[PDB]
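K.L.:
PDB entry and its sequence, pasted below:
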Amino acid sequence: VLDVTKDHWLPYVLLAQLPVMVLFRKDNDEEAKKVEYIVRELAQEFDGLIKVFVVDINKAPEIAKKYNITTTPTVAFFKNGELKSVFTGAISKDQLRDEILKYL
């Protein structure tokens with residue numbers, strides 16, 4: 001689990017050979033903290049089968065702008081360069097494993 005830079009977008013994410021789950025957050029949010037723990041847990045559970053990253057849209061707004069992501073927290077699923085699925089609102093750890101498995 002770690003932040004990603006616009007710089008590191010393509011290499012770390014778009015080039016990643018594993019499926020990628022990215023959390024777009026603003027900062028100093030409570031709901032974002034809760035989603036961030038959910039995602040931490042999913043990353044460790046699926047450690048070495050997917051890759052999981054964070055986008056602090058305060059610092060890398062170009063990434064959200066690129067993917068037309070207007071709400072935080074947002075969880076995005078990227079596989080082989082393309083955006084495969086997006087989850088907003090209330091994020092269900094149960095649903096994220098459902099998808100993580102869908103693309104695995």
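P.N.:
It's in. Numbers count the residues shown, from 1 in each chain.
K.L.:
residues of whatever helix or strand residue 96 lives in that come out buried?
P.N.:
Taking DSSP states H and E as the definition, residue 96 sits inside helix 93-102. Using 16 or more other CB atoms under 10 Å as the test for burial, helix 93-102 gives 96, 99-100. C-beta here means a position set from N, CA and C on the backbone, and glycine is covered the same way.
K.L.:
And stretch 80-90, by the same measure?
P.N.:
83, 87.
K.L.:
circling back to that earlier point, who does the helix holding residue 96 touch, helix- and strand-wise?
P.N.:
Applying 3 or more CB pairs under 8 Å, 6 or more residues apart in numbering; DSSP states H and E, one finds that helix 93-102 contacts helix 30-45, strand 74-79, strand 82-87.
K.L.:
Now do that helix and strand 82-87, the angle between them.
P.N.:
Helix 93-102 runs at 160 degrees relative to strand 82-87, counting by axes from the mean of the first three to the mean of the last three CA atoms, to 10 degrees.
K.L.:
so residue 78 bridges to which residues?
P.N.:
residue 20, residue 83 (DSSP bridges).
K.L.:
Tell me, how many residues neighbour the residue nearest to residue 35 when sequence neighbours are not counted?
P.N.:
Leaving out its chain neighbours, the residue that sits closest to residue 35 by CB to CB, 6 or more residues apart in numbering is residue 73, at 4.3 Å. Counted by other CB atoms under 10 Å, the residues lying close to residue 73 total 22.
K.L.:
which residues touch residue 38?
P.N.:
Under the criterion of CB atoms under 8 Å, 6 or more residues apart in numbering, the contact list for residue 38 reads 91, 93, 96.
K.L.:
Quick one: these as CSV, columns for distance to residue 45 too.
P.N.:
Below are the contacts of residue 38 laid out as CSV (distance: CB to CB, whole Å):
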residue, distance to residue 45
91, 15
93, 10
96, 10
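K.L.:
So which residue is smack in the middle of this structure?
P.N.:
Centre of the chain computed as the mean C-alpha position; nearest residue by CA atoms, centre = their mean is residue 22, 1.1 Å away.
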